[PDB]
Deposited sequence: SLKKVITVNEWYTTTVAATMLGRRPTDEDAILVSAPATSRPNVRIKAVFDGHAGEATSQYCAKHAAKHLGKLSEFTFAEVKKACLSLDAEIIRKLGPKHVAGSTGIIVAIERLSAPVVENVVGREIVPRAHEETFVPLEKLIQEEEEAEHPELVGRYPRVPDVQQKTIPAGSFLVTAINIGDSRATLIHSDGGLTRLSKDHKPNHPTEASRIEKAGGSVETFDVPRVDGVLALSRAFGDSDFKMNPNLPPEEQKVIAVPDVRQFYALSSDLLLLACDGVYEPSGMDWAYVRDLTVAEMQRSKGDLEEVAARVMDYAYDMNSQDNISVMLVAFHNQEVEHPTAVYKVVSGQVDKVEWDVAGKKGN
């Protein structure tokens, strides 16, 4: 219902959030922050809103100083922020928060890269493959493409997806296809379970697999009580603030959609269904971004999601926006 629309640089960004069936809304959205670099994010907090709101307000500060968006550089940036969060909000019982962050850069000239679909192979296992392995453990998603050399046209955007937790980012192509930019960090998955056990933790399933039978996520900012091993660095604790870092290219005709777990909780509503809703609403509404975000949010609520629901959509332009504006309206 209540949507913010920012028209600036080479993008049109719309964002909205709702309490849903929860007493408070712990979701926070970084709508935009800065040469030729934009940073946007959706932070999903739990057990409090102090950490997610801190992240929204300060994540750009750390990521914004980076000269390259490599795993190593991004990793030190996230741990730096996490330490700052724990220091300022703790030291004990610090609320936690997921974080799906994107660093968007525009190409003013074409570039040649090796790619697997939209994922740029760094100069390796494509994320789509890893996601499909987890899903098997279907049919709604195409088989993983073979690597190929591609000339990414000027006007295209480089998108680095920095993920921590289970919020998600998706690129919807003009032809309807989609690229999954993130893979949820769950305690029961191999890499995560290994770290947890090494740090002296357990992974027990009640309603859902939980770390020490408490936390549903294996990675998150905050959550100070699960990072007190100190015989191990912060990056090897039960729960860590180390992100997965992947890069993809987006064409000016794409749509980038970031959403929290609340949108995908109904248990039917997967990446594919969300794409179908977006595609259908873009058609029916005649391309009104604000309405499509509002409709995907209502669908999730109507399908009985019991979580806060937040979505951010980004459309890209071939030319700089002439008259930038930031507008807040309803519907």
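The chain's deposited sequence has unresolved stretches at 1-2, 37-40, 130-134, 149-153, 348-364, with no C-alpha coordinates there.
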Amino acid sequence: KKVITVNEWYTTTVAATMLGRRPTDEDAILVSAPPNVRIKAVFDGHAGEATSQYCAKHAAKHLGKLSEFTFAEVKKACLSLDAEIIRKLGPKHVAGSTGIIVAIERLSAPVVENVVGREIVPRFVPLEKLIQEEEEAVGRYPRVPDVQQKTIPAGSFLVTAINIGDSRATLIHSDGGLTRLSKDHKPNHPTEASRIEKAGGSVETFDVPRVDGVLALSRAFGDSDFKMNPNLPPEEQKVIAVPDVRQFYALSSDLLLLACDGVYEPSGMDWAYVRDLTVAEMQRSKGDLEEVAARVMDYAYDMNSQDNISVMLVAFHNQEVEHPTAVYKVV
From here on, numbers count along this sequence of modelled residues.
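Annotation for 202-210 versus 73-81: the higher mean temperature factor (C-alpha) is found in 202-210. When the two stretches 229-237 and 253-261 are set side by side, the higher mean Cα temperature factor goes to 229-237. Of the candidates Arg219, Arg118, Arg180, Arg123, it is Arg123 whose Cα B-factor is highest according to the PDB record. The PDB entry assigns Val6 a C-alpha temperature factor belonging to the lowest third of its chain's modelled residues. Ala56: CA B factor in the lowest third of modelled residues in this chain (values from the PDB entry).
In this PDB entry, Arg87 carries a Cα temperature factor that places it within the highest third of its chain's modelled residues. For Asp184, the recorded CA temperature factor ranks within the lowest third of the chain's modelled residues. Ranked by C-alpha B-factor against the other modelled residues of its chain, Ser156 falls in the lowest third.
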